[PDB]
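Each chain, letter by letter, is given below.
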Amino acid sequence: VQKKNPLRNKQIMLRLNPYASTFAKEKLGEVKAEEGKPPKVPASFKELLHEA
Amino acid sequence: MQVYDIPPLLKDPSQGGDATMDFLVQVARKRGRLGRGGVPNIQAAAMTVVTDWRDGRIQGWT
Amino acid sequence: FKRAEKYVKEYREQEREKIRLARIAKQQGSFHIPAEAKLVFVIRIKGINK
Amino acid sequence: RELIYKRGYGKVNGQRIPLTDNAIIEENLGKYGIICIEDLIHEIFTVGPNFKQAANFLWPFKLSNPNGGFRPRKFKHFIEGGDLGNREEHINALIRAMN
Amino acid sequence: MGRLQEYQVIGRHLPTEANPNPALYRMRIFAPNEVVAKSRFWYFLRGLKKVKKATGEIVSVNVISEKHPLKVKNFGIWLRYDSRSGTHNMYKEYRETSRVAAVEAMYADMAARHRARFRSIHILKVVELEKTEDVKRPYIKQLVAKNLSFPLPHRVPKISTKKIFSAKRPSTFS
Amino acid sequence: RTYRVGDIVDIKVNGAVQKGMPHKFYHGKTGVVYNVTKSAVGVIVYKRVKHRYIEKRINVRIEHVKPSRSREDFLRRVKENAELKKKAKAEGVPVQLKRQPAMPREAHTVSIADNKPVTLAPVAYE
RNA sequence: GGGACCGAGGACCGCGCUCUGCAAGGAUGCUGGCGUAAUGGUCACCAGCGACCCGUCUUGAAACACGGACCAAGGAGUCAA
RNA sequence: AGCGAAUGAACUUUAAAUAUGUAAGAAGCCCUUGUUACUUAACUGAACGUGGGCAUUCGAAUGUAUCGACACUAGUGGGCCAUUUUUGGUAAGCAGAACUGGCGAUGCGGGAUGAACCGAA
């Protein structure tokens, strides 16, 4: 009888996708990356970047 | 699961009897065996699965 | 529920795979060319006159 | 995701029915393995084997005029400062404006 | 024009059996966004070599930014612009903080002084003048003149545009 | 050349012989023959109306008409499909019978070793 | 967080959820003044904006030309083979 | 583009832009042998048939607010403007074909105004 927007109505969102509760509770939209030291950019890359 | 991707099937009433049909549908989708209107090729997926199992692409022991 | 959880996992894994492939190519000194996009949204915003 | 969730209408027996139920998604696309809105979104975004059927089932999304205007001269190509053509990743911003 | 950034593009002819591992052409350009950058790269490559968009691909597009956007630099731009008579060369100088700002000012100045447009202007070579004695234009010379200090006479005060009526006559001294 | 009835024929229109000169609209067209005479051949062609399409009949002699190979491509595709499906049935593996519309390219890496990119100015000065 | 417009239906069923219940297949609860020209509607005028005099005829179209002082009654595809 | 490939728009390994005709399956191809008054030196070819082969991706995409056949019935047979292509000519005008687009029977926003403009029914 009405089309309720699931992006505004949490209940329609839960009805359509039961994983919304787990998404919100586990903060799957705020997942950090791995914890490793990133290697430096190569000097060849820097020289090609500023070749001209 | 890892070797065939195949998102988990719906178990439905009972176990296995229709889980095999869902496995056939998912394997057909993953391999690319479809129909005229996009109907999944369950029997071609089954044939591919049994051929791969005979060739040894699937592990298993007693 | 299970299918949606694995869909979310697959989306995140694909994003990280793209990022990691670009970074490893950059580190090895090559250039990684991403696969061309397979999906297009098209909007008809112009009238039908002439 | 937002195009399916907010403006998603299916062609059920030639009628524009809002996608309010995983059930109706299942009757219309169950023989393809698509049984929920998440499955439809997956099949559309990750272009799957049955993308043709999923897109045909989806009624063409009726968008509104963008919130914020198009551009001062919208009838030339996007690569000369217009709006027409292939805006590669900027159509996401256009969809934000048009929703 | 617009807001610009450095875009360095490598693109190559699509590999074939006849000539695998092609030349991998590269060039740096100024575009408001990556789509325009790739379009301009392909247009320039079509103009120079016999490589087209269909028979080519974009290996890489990266944003070159300034090494030091906080120190004042003098830039010399050699450009070619086509007017009703033909193609003409100009060397012009700009005192900015970035090559992006130099190119922005150059488009603005060419439009103001010669009515030359984006597709009528070609950027052939933009360089940073490593030291004085490399500046040839009197305006930037007077800008780099020793112990440069000047007043700002007749400074019109910044009054709100909704302040229709004032009670005192404004002053233009400070 | 020997031409029978029912085949598909291309018209070239050369300037060697002025007899039986066809129009420029009929120049460089393709059609199916319906009448065969001693020298001229009756060809049915599709003409474009200002809003529709119609069928017209013309008489073009031997010096302009030649057989085509569109049906040759169709028939060779049929033969290839039959042979490939028989081989697939023999080997117990599935094969793609249809032809694909040439999907986009995938991701790959291009090395820079001994292939240093060359910088190109917008116009070449030498 | 603030604002605007809207409230279609009329026992229950259905999808659901955070399940003593609920924002879950369309508005209920509380309170005030008035209970009459108060709301509302119709005429006359003013104000803001909009707005060529109808029909016929010709032509691709206009323009031209023709008919129109006003009102009442009558007034033109019917019957037979 | 090259002629550090040959030869010399009329040269070519390759090949632009630009519109454009035909065909894309059971409404199928073959292969195999029975007949025929056709034909051939001949059971030899052609036609008429049998058997097989794929019903599941049955042989590209995308759309599909159904398509085809027969019968009967009313109003229509004018053109004007413009883009692109093209033939001819003048001092300049301009004239003629082809496609497509606006007007008819079309109201609305803009261009102060307005058949031929822009947006949009």
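**Here we look at the protein's contact with RNA strand H**
And then number 1: Near RNA strand H lie 36 residues; those nearest to it are B:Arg36, F:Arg77, F:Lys79, F:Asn81 and F:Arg99.
And then number 2: A share of 76% is what sugar and phosphate atoms reach among the atoms of RNA strand H within 4 Å of the protein.
And then number 3: Interatomic distance of 3.2 Å between a side-chain N/O atom of C:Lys50 and a phosphate oxygen of RNA strand H.
And then number 4: Within the backbone of F:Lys50, an N or O atom sits 2.7 Å from a phosphate oxygen of RNA strand H.
And then number 5: Only helix 4 (51-57) of chain D together with strand 1 (8-11) and helix 1 (70-91) of chain F provide two or more residues apiece to the surface near RNA strand H.
And then number 6: It is helix 1 of chain F that provides the largest number of residues to the surface near RNA strand H, a total of ten residues.
And then number 7: For the surface near RNA strand H, a count of residues per class yields ten nonpolar, nine polar and 17 charged.

**Points about the environment of D:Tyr9**
And then number 1: Relative to the assigned elements, D:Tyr9 resides in strand 1 (residues 9-12).
And then number 2: Look at D:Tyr9 and you get buried, because its relative accessible area is 17%.
And then number 3: In sequence terms D:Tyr9 and D:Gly81 are 72 residues apart; their C-alpha atoms lie 33 Å from each other.
And then number 4: Residues within four places of D:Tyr9 in sequence aside, it is in contact with A:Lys3, D:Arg16, D:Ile17, D:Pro18, D:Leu19, D:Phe57, D:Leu58 and D:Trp59.

**Some details on the pattern of salt bridges**
And then number 1: Counted by the stated rule, this structure contains 15 salt bridges over all chains.
And then number 2: Between C:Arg20 and C:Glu17 there is a salt bridge whose closest N-O contact spans 2.9 Å. Note that C:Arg20 and C:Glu17 are positioned in helix 1 (residues 2-28) at a spacing of three residues, about one turn of the helix.
And then number 3: Taking the shortest distance from any N to any O, the salt bridge between E:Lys73 and E:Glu66 comes out at 3.9 Å.
And then number 4: In the salt-bridge network here, residues are joined through shared partners; they are E:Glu6, E:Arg28 and E:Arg99.

**Digging into the interface of chain A and chain C**
And then number 1: Facing 14 residues of chain A, the contacting portion of chain C comprises nine residues.
And then number 2: In total, chain A and chain C occlude about 970 Å² of area from one another, counting both sides; carbon and sulfur atoms represent 74% of this.
And then number 3: On the chain A side of the interface with chain C, the three residues burying the most area are A:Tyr19, A:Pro42 and A:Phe45, jointly 44% of the side's total.
And then number 4: Our enumeration of links across chain A and chain C arrives at zero salt bridges.
And then number 5: Taken together, the links from chain A to chain C amount to one residue pair in polar contact.
And then number 6: Broken down by secondary-structure element, the contributors of at least two residues to the side of chain A that touches chain C are helix 2 (20-26) and helix 3 (43-49) of chain A.

**Considerations on the protein's contact with RNA strand G**
And then number 1: Around RNA strand G, the neighbouring residues are A:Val1, A:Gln2, A:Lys4, A:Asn9, A:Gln11, A:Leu14, A:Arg15 and D:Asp21.
And then number 2: One nitrogen or oxygen atom from the side chain of A:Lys4 is found 2.4 Å from a phosphate oxygen belonging to RNA strand G.
And then number 3: Class assignment of the residues belonging to the surface near RNA strand G gives a composition of two nonpolar, three polar and three charged.

**Some remarks on the pairing of strand 2 (residues 25-31) of chain E**
A regular strand places its side chains so that they alternate between the two faces of the sheet.
And then number 1: The buried count for strand 2 of chain E comes to seven of seven residues, which makes it a mostly enclosed element.
And then number 2: Note: strand 2 of chain E against strand 7 (residues 118-119) of chain F, two bridges, orientation parallel. Directly across from E:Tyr25, in strand 7 of chain F, lies its bridge partner F:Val118.

**So, the sheet that holds strand 2 of chain E**
And then number 1: Spatially, 3(E)-1(E)-2(E)-7(F) is the arrangement adopted by the four strands of the open sheet, whose pairing is mixed. Lying at the two open borders of the sheet, with one neighbouring strand each, are strand 3 (56-64) of chain E together with strand 7 of chain F.
And then number 2: Sheet analysis places strand 1 (residues 5-13) of chain E next to strand 2 of chain E, joined by seven bridges and oriented antiparallel. Across the sheet, residue E:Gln8 finds its bridge partner in strand 2 of chain E, namely E:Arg28.
And then number 3: Packed onto the sheet, helix 1 (residues 34-48) of chain E meets strand 1, strand 2 and strand 3 of chain E and runs at close to 130° relative to strand 2 of chain E.
And then number 4: Packed onto the sheet, helix 2 (residues 99-114) of chain E meets strand 1 and strand 2 of chain E and runs at close to 65° relative to strand 2 of chain E.

**Notes on the arrangement of the chains**
And then number 1: Across the eleven pairs of chains in contact, the largest number of contacts is found between chains E and F.
And then number 2: Across all C-alpha pairs, the smallest distance from chain B to chain E is 28 Å, and the two are not in contact.
And then number 3: What separates chain B from chain F at the closest point of their C-alpha atoms is a distance of 7 Å, and the two make no contact.

**Digging into the interface of chain F and chain E**
It is common to give the size of an interface as the accessible area lost on bringing the parts into contact.
And then number 1: Listed by partner, the interface residues are 15 residues for chain F and 21 residues for chain E.
And then number 2: Each partner contributes to the roughly 1,600 Å² buried at the junction of chain F and chain E, and carbon and sulfur atoms together form 63% of this total.
And then number 3: By the criterion of area lost to chain E, the three top residues of chain F are F:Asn115, F:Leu120 and F:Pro122, representing 38% of everything that side buries.
And then number 4: Counting the contacts that link chain F with chain E gives zero salt bridges.
And then number 5: Going through the elements one at a time, strand 6 (108-110) and strand 7 of chain F are the ones with two or more residues in the side of chain F that touches chain E.

**What about the pairing of strand 4 (residues 53-61) of chain F?**
Residue and element names in this part refer to chain F.
And then number 1: By the bridge criterion, nine bridges tie strand 3 (residues 40-48) to strand 4 in an arrangement that is antiparallel. Bridge pairing in strand 4 links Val-41 to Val-60.
And then number 2: Counting the residues between successive antiparallel strands, the hairpin from strand 3 to strand 4 contains four residues.

Conventions we followed
Residues numbered from 1 in each chain as written, not as in the entry; some residues may be left out. Chains lettered and ligands numbered in written order. Part of a larger assembly, values for the part shown. Heavy atoms only, no water. Residues with missing side-chain atoms left out of burial classes, pairs and counts. Near = heavy atom within 4 Å. Polar contact = N/O pair within 3.5 Å; in protein donor to acceptor, adjacent residues only side chain to side chain. Helix = DSSP H or I, 4+ residues; strand = E, 2+ residues; numbered from the N terminus. Nonpolar A, V, L, I, M, F, W, Y, C, P; charged D, E, K, R; others polar. Buried < 20%, exposed > 50% of the residue type's maximum accessible area, 1.4 Å probe, protein only. Contact = heavy atoms within 4.5 Å. Salt bridge = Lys/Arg side-chain N within 4 Å of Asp/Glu carboxyl O. Buried area = accessible area lost by both parts, 1.4 Å probe. Pairing = 2+ DSSP bridges. Axes fitted to C-alpha atoms, helices over the stretch in contact; angles between N-to-C directions.

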